[PDB]
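A lone chain, given as structure tokens: the form deposited in one PDB entry.
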């Protein structure tokens, strides 16, 4: 990696993106982005930060970053360990779970969900599976 691939089916109410992998032993950060490849908009930007232990997420829309959402109930990533991330897309929001526990919801900023057709993953991670 960096991993950058086409979603074989674009996002919509009820669509899923599953990330399985291993956060590096000496990791500091990694990113999984849900892109609208046509305008280069990042509708969903999940950025777990191992060093400060914060799950950051934002949207990069019209060449400009929005307001940041950090609110978590627990930090589900730990260096040297395997994680599974399920990203579920609902009508009004994304729902993200990590390792069988609910992590966060994220209201849709990029409203035209069918235009989200790209997945990008980079950072201090070892990618096992994208589904």
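Residue numbers count along the first chain shown, from 1.
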Greater mean Cα temperature factor according to the PDB record, 47 to 55 or 33 to 41: 33 to 41
Chain-wide C-alpha B factor ranking for residue 101, given as lowest, middle or highest third: highest
Residue 107, C-alpha B-factor rank within chain (lowest, middle or highest third): middle
Position of residue 72 among the chain's modelled residues by C-alpha B-factor, lowest, middle or highest third: middle
Entry-reported Cα temperature factor of residue 22, expressed as the chain third it lands in: lowest
Among modelled residues of the same chain, the CA temperature factor third for residue 65: highest
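Keep in mind that the form deposited with a partner chain bound is missing from the display, and what follows is about it.
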Residue 88: touches the partner chain in the deposited complex, heavy atom cutoff 4.5 angstroms: yes
Partner contact for residue 96 in the deposited complex: the partner chain, 4.5 angstroms, heavy atom: yes
Distance check, residue 20 to the partner chain in the deposited complex, heavy atom within 4.5 Å: yes
Contact test in the deposited complex: residue 70 vs the partner chain, heavy atoms, 4.5 Å: no
Among 49 to 57, 31 to 39, 100 to 108, 71 to 79, the region lying within 4.5 Å of the partner chain in the deposited complex by heavy atom distance: 100 to 108
